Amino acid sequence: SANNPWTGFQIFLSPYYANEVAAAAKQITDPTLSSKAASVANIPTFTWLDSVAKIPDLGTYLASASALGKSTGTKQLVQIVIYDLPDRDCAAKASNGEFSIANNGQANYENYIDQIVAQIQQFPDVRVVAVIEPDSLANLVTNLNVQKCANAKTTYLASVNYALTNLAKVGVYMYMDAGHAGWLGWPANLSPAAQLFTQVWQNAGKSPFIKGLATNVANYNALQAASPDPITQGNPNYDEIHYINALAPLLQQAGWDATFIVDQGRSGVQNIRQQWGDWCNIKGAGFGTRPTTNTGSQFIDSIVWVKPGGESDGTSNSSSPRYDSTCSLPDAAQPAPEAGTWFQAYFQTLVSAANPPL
């Protein structure tokens, strides 16, 4: 499209990830691996607003970015993830969150959005790009036989709509989560997905700040695979570029010339899964292609790092109420801590296995 949100801006580096990375690096014993690990803090990532507790820090990021831009002659861009739906993670347990549909969840979510909007409104000289609710709308394509997802459908749609409609009022550039090639990229899922995303876009008023979709968030697929990963058998869309090439024209035909961003933060190492659905702390992953607007596709505004490598996908402790057995598979690194918390050995492997090398 004409307007790529990243062009003309410097990305504000996540202080949250920088603090995790600095602490992680100083414990890595080899001087060279440690210096490579420390350098990860200079790679732009998305910072997740996975609870109301993260909102005050958003305010600090915006104010720090504003001052950094003034100090360096630049316009700054802050990258955030909106990730606090009620009944969050309807198809599994590892990422269940603080709000529930049964306890005023939609209303609580509105207030979460209102607090975020109130921060963003105070810093108009900082641009914000937001990924909207990973692992939400994609469940309403394929997972409606999951009763928790079926019962969450109206709330997910209403809450995502509230986020889109009200973040647009403060000029936030938005990419809605859209799963990955092995989820919505199956040919038969493309049209239902396009129909849903178009309905969501319509309900939110077709705002131009709603730029498009984010794919591969927290996943491990290639953008452009050298050869199909054997987990992809049966699906001609074996990587993210095939998925996006197939979905984007459907959105165009439906009236929305959407563009895309693609997570590659844990995509450096391919062919490390037994089943494509495997997702939890996949063993041996490496940091992938660095964020860039040189994407190789008309449809893709940026390669990005959305899931911050080193933060766990889920606990492997079967006593936890957030335990998903996907996290004890032979392709899951174990033992692993609760989703979102730091997993030091996994981070060190991501550094060691980075491709391209750090």
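All residue numbers are counted from 1 along the displayed sequence.
(message) Tell me which stretch, 248-256 or 74-82, has the higher mean Cα B-factor listed in the entry.
(response) 248-256 has the higher mean C-alpha B-factor.
(request) Please work out which of 23-31 and 58-66 has the higher mean CA B-factor as recorded in the PDB entry. (result) Higher of the two, by average CA B-factor, is 23-31.
(message) According to the Cα B-factor stored in this entry, which of the following is highest: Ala130, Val262, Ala181, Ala225?
(response) Result of the comparison over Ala130, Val262, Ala181, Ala225: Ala225.
(request) Name the residue from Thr45, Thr326, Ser312, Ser302 with the greatest C-alpha temperature factor listed in the entry. (result) Comparing C-alpha B-factors across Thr45, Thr326, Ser312, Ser302, the top value belongs to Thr326.
(request) Tell me, lowest, middle or highest third: where does the Cα B factor of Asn219 rank within its chain? (result) Answer is lowest: the recorded C-alpha B-factor places it there.
(request) Divide the modelled residues of the chain into thirds by Cα B-factor and specify which third, lowest, middle or highest, holds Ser191. (result) Its C-alpha B-factor, which the entry lists for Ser191, ranks in the highest third among residues of this chain.
(request) Consider only the C-alpha atoms of the modelled residues in this chain, order them by B-factor as the entry records it, and name the third containing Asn139: lowest, middle or highest. (result) CA B-factor rank for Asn139: lowest third.
(request) Could you tell me which third, lowest, middle or highest, the C-alpha B-factor of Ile101 occupies within its chain? (result) Middle third.
(request) Would you please rank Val126 by its C-alpha temperature factor against the other modelled residues of its chain and give the third it falls in: lowest, middle or highest? (result) Within its chain, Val126 is a lowest-third residue by C-alpha B-factor, going by the deposited values.
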